[PDB]
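Below is one structure, written out as structure tokens; comments come after it.
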Amino acid sequence: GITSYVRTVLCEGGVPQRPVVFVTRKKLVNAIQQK
Amino acid sequence: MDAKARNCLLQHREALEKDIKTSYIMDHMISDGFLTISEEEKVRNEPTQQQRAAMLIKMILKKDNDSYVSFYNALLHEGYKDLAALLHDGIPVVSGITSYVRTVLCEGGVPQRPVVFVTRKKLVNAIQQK
Amino acid sequence: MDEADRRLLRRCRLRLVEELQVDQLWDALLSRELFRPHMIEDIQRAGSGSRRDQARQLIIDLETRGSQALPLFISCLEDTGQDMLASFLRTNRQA
Amino acid sequence: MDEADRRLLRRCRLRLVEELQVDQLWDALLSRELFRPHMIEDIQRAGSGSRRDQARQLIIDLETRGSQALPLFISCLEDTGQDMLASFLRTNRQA
Amino acid sequence: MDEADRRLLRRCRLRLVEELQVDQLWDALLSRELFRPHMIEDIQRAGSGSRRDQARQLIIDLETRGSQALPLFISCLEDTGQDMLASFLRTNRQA
Amino acid sequence: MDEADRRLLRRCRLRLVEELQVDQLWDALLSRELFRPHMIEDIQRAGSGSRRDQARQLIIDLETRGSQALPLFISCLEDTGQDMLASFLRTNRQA
């Protein structure tokens with residue numbers, strides 16, 4: 001989950017902020033994490 | 001050093017700069033092999049205790065995981081309990097094809113061998129001889 | 001050491017350096033791990049080495065020895081029979 | 001001084017500055033012409049002038065005193081009854 | 001202290017440090033508020049702590065103690081039975 | 001003092017400070033104008049004031065007292081019944 005680390009390292013331009021409204025798709029994210 | 005460690009140092013830098021008496025830290029770090037004499041001379045050359053601490057931290061921010069640990073240990077060993085506590089959560093994990101191989105040969109020197117290759121020994125050996 | 005404790009040590013500067021007995025204090029400070037032995041030798045040699053110069057360096061260096069340096073220091077005062085000085089300090093912390 | 005001897009002096013930094021007795025060492029160092037007398041006065045005044053500060057400056061300055069500075073320094077240790085320290089050093093040189 | 005008085009103290013340096021008795025002088029100096037008590041403890045510890053070293057530091061530090069430091073100092077000499085020294089001083093001031 | 005005499009005084013450091021009797025030596029040193037009286041008071045107060053500390057400061061300060069300080073010093077040794085020490089010194093100068 002979002003913690004100190006998260007906004008610490010990931011504000012380096014590395015990520016555009018996730019939108020205002022999003023449903024969470026777990027099934028795929030998990031797969032990507034595995035691969 | 002790992003970004004976790006480095007960011008921990010950056011976050012607590014002001015506290016560290018205010019309190020560290022470098023003469024009790026640099027010794028340990030030199031003994032451990034993670035601070036050089038010339039860095040220590042550069043530190044010593046700062047006129048005040050906080051200026052010396054500031055210089056030392058500047059130097060450490062650029063060093064590796066082991067160095068952070070060296071620093072942390074010296075802090076703990078020299079009774080800086082509160083300061084070590086600030087740095088605790090930022091401690092990084094420390095310590096044919098082998099280490100050497102990917103160490104030296106990632107310098108651009110070689111394109112990675114393909115996904116699928118049979119091994120031709122007979123020729124390779126010859127080239128090694130010549 | 002929090003800013004309030006530091007401020008207390010500065011406010012009481014004159015009284016501390018005027019009245020602090022140091023020769024009897026070192027054992028106490030050690031017992032409560034307030035200073036390492038070499039730190040003590042350095043403080044002992046501060047300035048001219050008089051009681052006042054030692055006292056001054058002690059209380060300056062005290063600010064760097066931790067979050068509980070001040071209350072631990074009051075205790076060492078108590079332990080060495082410097083109740084009057086410890087009393088002056090405590091009634092400020094509380095004040 | 002070769003790099004191996006220098007490296008040895010750095011590796012043993014903590015032990016040297018913790019244990020070196022200097023007051024008794026000066027005569028020995030002179031006898032073996034390791035330091036000139038003024039060099040000794042300078043080392044004596046290094047930092048706060050404590051045993052540790054003197055010791056530290058001694059061993060740093062030692063690196064500059066010749067190819068045989070380290071073995072000659074071990075001997076002076078021996079000559080002044082600092083066998084334990086000399087022993088710690090020698091078993092490294094050899095190691 | 002004006003330049004003439006300062007100059008007098010320098011000219012009489014040898015005689016002052018040779019002849020000044022200090023142990024008996026402190027009370028007098030205090031009575032005329034020439035020095036604070038801690039200043040006196042510092043002067044007492046000057047150099048080796050001999051009479052001469054104390055005397056020397058006294059007369060050096062005297063130059064800083066005011067416009068009337070010299071005449072007040074002569075009086076303290078008188079008050080402690082050092083008439084000969086006070087006499088040597090006065091006959092210069094006037095000269 | 002030439003370098004050879006100085007070197008002699010350093011080489012004999014241990015023996016001099018171990019054996020030199022000073023209390024009886026001052027008159028001799030004065031007679032041969034080796035030291036001024038205040039210089040003697042300073043040497044007397046060197047360090048802890050023990051015989052050894054006085055002796056050490058004497059022989060260090062001796063190096064500054066002239067081209068003939070060493071032979072004159074041997075004579076004072078002779079004059080005060082320290083023939084053994086004087087003998088140890090002379091047989092080196094000659095050696």
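Chain labels follow the order of the structure tokens: the first chain is A, the next B, and so on; residue numbering restarts at 1 in every chain, and ligands are counted from 1 in their shown order.
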Residues of chain D within 12 Å of chain C, using only C-alpha atoms, as a ChimeraX atom specification?
-> /D:17-18,47-53
Mind dumping the selected residues with N, CA and C atoms as a short mmCIF file (atom, residue, chain, number, x, y, z; two decimals), in the first residue's frame?
```cif
data_model
loop_
_atom_site.label_atom_id
_atom_site.label_comp_id
_atom_site.auth_asym_id
_atom_site.auth_seq_id
_atom_site.Cartn_x
_atom_site.Cartn_y
_atom_site.Cartn_z
N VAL D 17 44.87 3.78 18.98
CA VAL D 17 44.47 4.97 19.69
C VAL D 17 43.81 4.64 21.03
N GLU D 18 43.20 3.46 21.14
CA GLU D 18 42.65 3.01 22.41
C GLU D 18 43.72 2.61 23.43
N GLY D 47 45.34 18.21 18.62
CA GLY D 47 43.98 18.19 19.13
C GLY D 47 43.87 18.75 20.53
N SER D 48 43.28 17.98 21.42
CA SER D 48 43.08 18.38 22.81
C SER D 48 44.30 18.09 23.70
N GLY D 49 45.27 17.35 23.17
CA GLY D 49 46.44 16.96 23.95
C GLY D 49 46.22 15.71 24.81
N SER D 50 45.05 15.09 24.72
CA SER D 50 44.81 13.85 25.44
C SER D 50 45.75 12.74 24.93
N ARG D 51 45.86 11.65 25.67
CA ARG D 51 46.63 10.50 25.20
C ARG D 51 46.12 10.04 23.83
N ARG D 52 44.80 9.93 23.69
CA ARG D 52 44.24 9.46 22.43
C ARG D 52 44.60 10.35 21.25
N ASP D 53 44.49 11.68 21.41
CA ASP D 53 44.78 12.61 20.32
C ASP D 53 46.24 12.57 19.93
#
```
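Neighbours of residue 79 in chain F closer than or equal to 10 Å, with only C-alpha atoms counted and sequence neighbours fewer than 5 positions away skipped, come out as residues 24, 25, 27, 28, 29, 73, 74 and 86 of chain F.
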List the neighbours of range 60-63 of chain F out to 9 Å using only C-alpha atoms; skip same-chain residues closer than 5 positions along the sequence, and give me the result as a PyMOL selection string.
-> chain F and resi 1-2+5-6+9-10+34-35+43+55+69-70+73
Restrict the distance test to only C-alpha atoms, flag each residue of chain C within 8 Å of chain B, and return the flagged residues as an NGL selection string.
-> :C and (36 or 64-67)
Can you provide chain E as a PDB file with C-alpha atoms, in the first residue's frame, superposed onto chain D by least squares across all C-alpha atoms matched in order?
```
ATOM      1  CA  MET E   1      56.470   3.201   4.038  1.00  0.00           C
ATOM      2  CA  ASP E   2      54.993   0.656   1.669  1.00  0.00           C
ATOM      3  CA  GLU E   3      51.264   0.468   1.103  1.00  0.00           C
ATOM      4  CA  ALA E   4      50.919  -2.745   3.111  1.00  0.00           C
ATOM      5  CA  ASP E   5      52.417  -1.150   6.227  1.00  0.00           C
ATOM      6  CA  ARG E   6      50.257   1.959   5.811  1.00  0.00           C
ATOM      7  CA  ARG E   7      47.182  -0.209   5.386  1.00  0.00           C
ATOM      8  CA  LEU E   8      48.147  -2.055   8.551  1.00  0.00           C
ATOM      9  CA  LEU E   9      48.307   1.198  10.497  1.00  0.00           C
ATOM     10  CA  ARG E  10      44.819   2.147   9.271  1.00  0.00           C
ATOM     11  CA  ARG E  11      43.345  -1.281  10.030  1.00  0.00           C
ATOM     12  CA  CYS E  12      44.697  -1.103  13.570  1.00  0.00           C
ATOM     13  CA  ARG E  13      43.610   2.534  14.065  1.00  0.00           C
ATOM     14  CA  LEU E  14      41.026   1.791  16.745  1.00  0.00           C
ATOM     15  CA  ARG E  15      43.283  -0.452  18.799  1.00  0.00           C
ATOM     16  CA  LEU E  16      46.289   1.844  18.549  1.00  0.00           C
ATOM     17  CA  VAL E  17      44.467   4.973  19.692  1.00  0.00           C
ATOM     18  CA  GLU E  18      42.645   3.015  22.408  1.00  0.00           C
ATOM     19  CA  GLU E  19      45.755   1.378  23.889  1.00  0.00           C
ATOM     20  CA  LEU E  20      48.936   3.296  22.944  1.00  0.00           C
ATOM     21  CA  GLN E  21      50.795   4.783  25.876  1.00  0.00           C
ATOM     22  CA  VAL E  22      52.730   7.775  24.588  1.00  0.00           C
ATOM     23  CA  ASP E  23      54.403   9.467  27.550  1.00  0.00           C
ATOM     24  CA  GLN E  24      56.841   6.578  27.882  1.00  0.00           C
ATOM     25  CA  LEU E  25      57.310   6.147  24.128  1.00  0.00           C
ATOM     26  CA  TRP E  26      59.110   9.351  23.147  1.00  0.00           C
ATOM     27  CA  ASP E  27      62.557   8.272  24.313  1.00  0.00           C
ATOM     28  CA  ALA E  28      62.307   5.083  22.296  1.00  0.00           C
ATOM     29  CA  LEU E  29      61.186   6.899  19.166  1.00  0.00           C
ATOM     30  CA  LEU E  30      64.116   9.298  19.506  1.00  0.00           C
ATOM     31  CA  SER E  31      66.633   6.488  20.083  1.00  0.00           C
ATOM     32  CA  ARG E  32      65.629   4.945  16.776  1.00  0.00           C
ATOM     33  CA  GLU E  33      65.476   8.363  15.078  1.00  0.00           C
ATOM     34  CA  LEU E  34      61.853   7.969  14.109  1.00  0.00           C
ATOM     35  CA  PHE E  35      60.973  11.575  14.943  1.00  0.00           C
ATOM     36  CA  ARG E  36      62.796  14.846  15.516  1.00  0.00           C
ATOM     37  CA  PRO E  37      62.201  16.529  18.887  1.00  0.00           C
ATOM     38  CA  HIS E  38      60.043  19.369  17.520  1.00  0.00           C
ATOM     39  CA  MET E  39      57.917  16.822  15.667  1.00  0.00           C
ATOM     40  CA  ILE E  40      57.310  15.243  19.048  1.00  0.00           C
ATOM     41  CA  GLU E  41      56.281  18.571  20.612  1.00  0.00           C
ATOM     42  CA  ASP E  42      53.794  19.046  17.740  1.00  0.00           C
ATOM     43  CA  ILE E  43      52.335  15.556  18.197  1.00  0.00           C
ATOM     44  CA  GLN E  44      52.070  16.215  21.952  1.00  0.00           C
ATOM     45  CA  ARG E  45      49.902  19.248  21.242  1.00  0.00           C
ATOM     46  CA  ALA E  46      47.683  17.556  18.614  1.00  0.00           C
ATOM     47  CA  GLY E  47      43.979  18.195  19.127  1.00  0.00           C
ATOM     48  CA  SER E  48      43.083  18.376  22.814  1.00  0.00           C
ATOM     49  CA  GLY E  49      46.438  16.959  23.952  1.00  0.00           C
ATOM     50  CA  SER E  50      44.810  13.843  25.445  1.00  0.00           C
ATOM     51  CA  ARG E  51      46.627  10.500  25.199  1.00  0.00           C
ATOM     52  CA  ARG E  52      44.239   9.455  22.429  1.00  0.00           C
ATOM     53  CA  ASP E  53      44.776  12.610  20.319  1.00  0.00           C
ATOM     54  CA  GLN E  54      48.539  12.335  20.679  1.00  0.00           C
ATOM     55  CA  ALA E  55      48.400   8.655  19.826  1.00  0.00           C
ATOM     56  CA  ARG E  56      46.341   9.337  16.709  1.00  0.00           C
ATOM     57  CA  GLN E  57      48.646  11.999  15.370  1.00  0.00           C
ATOM     58  CA  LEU E  58      51.617   9.826  16.160  1.00  0.00           C
ATOM     59  CA  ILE E  59      50.415   6.945  14.047  1.00  0.00           C
ATOM     60  CA  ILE E  60      49.305   9.180  11.191  1.00  0.00           C
ATOM     61  CA  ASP E  61      52.650  11.001  11.138  1.00  0.00           C
ATOM     62  CA  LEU E  62      54.408   7.599  11.431  1.00  0.00           C
ATOM     63  CA  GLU E  63      53.395   6.780   7.839  1.00  0.00           C
ATOM     64  CA  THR E  64      55.788   9.501   6.636  1.00  0.00           C
ATOM     65  CA  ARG E  65      58.889   8.543   8.587  1.00  0.00           C
ATOM     66  CA  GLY E  66      60.433   5.963   6.267  1.00  0.00           C
ATOM     67  CA  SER E  67      60.455   2.513   4.702  1.00  0.00           C
ATOM     68  CA  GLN E  68      61.234   0.908   8.039  1.00  0.00           C
ATOM     69  CA  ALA E  69      59.024   3.167  10.197  1.00  0.00           C
ATOM     70  CA  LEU E  70      56.603   0.361  11.084  1.00  0.00           C
ATOM     71  CA  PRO E  71      59.062  -2.324  12.240  1.00  0.00           C
ATOM     72  CA  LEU E  72      61.085   0.334  14.068  1.00  0.00           C
ATOM     73  CA  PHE E  73      57.867   1.471  15.738  1.00  0.00           C
ATOM     74  CA  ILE E  74      57.003  -2.070  16.847  1.00  0.00           C
ATOM     75  CA  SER E  75      60.478  -2.259  18.444  1.00  0.00           C
ATOM     76  CA  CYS E  76      59.895   0.955  20.407  1.00  0.00           C
ATOM     77  CA  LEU E  77      56.644  -0.575  21.607  1.00  0.00           C
ATOM     78  CA  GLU E  78      58.605  -3.593  22.775  1.00  0.00           C
ATOM     79  CA  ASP E  79      61.241  -1.398  24.481  1.00  0.00           C
ATOM     80  CA  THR E  80      58.650   0.435  26.541  1.00  0.00           C
ATOM     81  CA  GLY E  81      56.695  -2.579  27.721  1.00  0.00           C
ATOM     82  CA  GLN E  82      53.825  -2.460  25.283  1.00  0.00           C
ATOM     83  CA  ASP E  83      54.311  -6.049  24.179  1.00  0.00           C
ATOM     84  CA  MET E  84      50.589  -6.704  23.822  1.00  0.00           C
ATOM     85  CA  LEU E  85      50.221  -3.851  21.323  1.00  0.00           C
ATOM     86  CA  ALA E  86      53.441  -4.743  19.543  1.00  0.00           C
ATOM     87  CA  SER E  87      52.161  -8.325  19.407  1.00  0.00           C
ATOM     88  CA  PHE E  88      48.858  -7.290  17.856  1.00  0.00           C
ATOM     89  CA  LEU E  89      50.812  -5.371  15.205  1.00  0.00           C
ATOM     90  CA  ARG E  90      53.389  -8.021  14.352  1.00  0.00           C
ATOM     91  CA  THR E  91      50.871 -10.810  13.960  1.00  0.00           C
ATOM     92  CA  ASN E  92      49.298  -8.678  11.290  1.00  0.00           C
ATOM     93  CA  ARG E  93      52.368  -7.702   9.400  1.00  0.00           C
ATOM     94  CA  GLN E  94      53.111 -11.419   9.198  1.00  0.00           C
ATOM     95  CA  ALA E  95      49.448 -12.159   8.464  1.00  0.00           C
TER      96      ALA E  95
END
```
Using DSSP secondary structure from the backbone, list all alpha helix (DSSP H) positions within chain E, as an mmCIF file with C-alpha atoms, in the first residue's frame.
```
data_model
loop_
_atom_site.group_PDB
_atom_site.id
_atom_site.type_symbol
_atom_site.label_atom_id
_atom_site.label_comp_id
_atom_site.auth_asym_id
_atom_site.auth_seq_id
_atom_site.Cartn_x
_atom_site.Cartn_y
_atom_site.Cartn_z
ATOM 1 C CA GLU E 3 49.341 55.196 27.529
ATOM 2 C CA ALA E 4 51.666 56.848 30.046
ATOM 3 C CA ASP E 5 50.519 54.551 32.858
ATOM 4 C CA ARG E 6 50.791 51.485 30.615
ATOM 5 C CA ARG E 7 54.271 52.541 29.558
ATOM 6 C CA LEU E 8 55.176 52.926 33.217
ATOM 7 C CA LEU E 9 54.071 49.370 33.949
ATOM 8 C CA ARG E 10 56.240 48.068 31.090
ATOM 9 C CA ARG E 11 59.275 50.126 32.119
ATOM 10 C CA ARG E 13 58.394 45.176 34.494
ATOM 11 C CA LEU E 14 61.652 43.773 35.846
ATOM 12 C CA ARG E 15 61.347 45.396 39.255
ATOM 13 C CA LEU E 16 57.682 44.520 39.672
ATOM 14 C CA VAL E 17 58.087 40.826 38.890
ATOM 15 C CA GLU E 18 61.273 40.654 40.977
ATOM 16 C CA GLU E 19 59.811 42.296 44.093
ATOM 17 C CA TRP E 26 44.659 40.097 46.933
ATOM 18 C CA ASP E 27 42.570 41.523 49.763
ATOM 19 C CA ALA E 28 43.700 45.029 48.912
ATOM 20 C CA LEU E 29 42.949 44.605 45.223
ATOM 21 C CA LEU E 30 39.463 43.351 46.074
ATOM 22 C CA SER E 31 38.796 46.204 48.520
ATOM 23 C CA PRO E 37 37.569 37.016 42.521
ATOM 24 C CA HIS E 38 37.704 34.611 39.557
ATOM 25 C CA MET E 39 40.165 36.930 37.825
ATOM 26 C CA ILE E 40 42.333 36.509 40.893
ATOM 27 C CA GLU E 41 42.093 32.701 40.756
ATOM 28 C CA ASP E 42 43.184 32.856 37.089
ATOM 29 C CA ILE E 43 46.152 35.108 37.889
ATOM 30 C CA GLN E 44 47.100 32.756 40.748
ATOM 31 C CA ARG E 51 55.221 34.358 42.826
ATOM 32 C CA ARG E 52 56.959 35.765 39.748
ATOM 33 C CA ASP E 53 54.471 34.267 37.247
ATOM 34 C CA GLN E 54 51.522 35.489 39.291
ATOM 35 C CA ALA E 55 53.106 38.905 39.621
ATOM 36 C CA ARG E 56 53.673 39.132 35.874
ATOM 37 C CA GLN E 57 50.132 38.235 34.951
ATOM 38 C CA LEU E 58 48.846 40.599 37.584
ATOM 39 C CA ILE E 59 50.612 43.600 36.139
ATOM 40 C CA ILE E 60 49.734 42.704 32.561
ATOM 41 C CA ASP E 61 46.057 42.240 33.438
ATOM 42 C CA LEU E 62 46.225 45.482 35.487
ATOM 43 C CA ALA E 69 44.040 51.164 37.817
ATOM 44 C CA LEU E 70 47.622 52.352 38.350
ATOM 45 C CA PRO E 71 47.104 54.817 41.222
ATOM 46 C CA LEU E 72 44.671 52.385 42.854
ATOM 47 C CA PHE E 73 47.318 49.682 42.505
ATOM 48 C CA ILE E 74 49.986 51.860 44.134
ATOM 49 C CA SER E 75 47.579 52.354 47.071
ATOM 50 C CA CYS E 76 47.124 48.595 47.501
ATOM 51 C CA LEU E 77 50.902 48.320 47.548
ATOM 52 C CA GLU E 78 50.962 50.906 50.311
ATOM 53 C CA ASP E 79 48.192 49.104 52.250
ATOM 54 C CA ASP E 83 56.103 50.988 50.350
ATOM 55 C CA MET E 84 59.448 50.553 48.609
ATOM 56 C CA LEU E 85 57.756 49.207 45.471
ATOM 57 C CA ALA E 86 54.964 51.757 45.654
ATOM 58 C CA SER E 87 57.661 54.412 46.058
ATOM 59 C CA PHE E 88 59.544 53.244 42.979
ATOM 60 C CA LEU E 89 56.283 53.461 41.018
ATOM 61 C CA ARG E 90 55.100 56.853 42.233
ATOM 62 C CA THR E 91 58.404 58.585 41.636
ATOM 63 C CA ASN E 92 58.015 57.546 38.042
ATOM 64 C CA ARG E 93 54.457 58.543 37.501
#
```
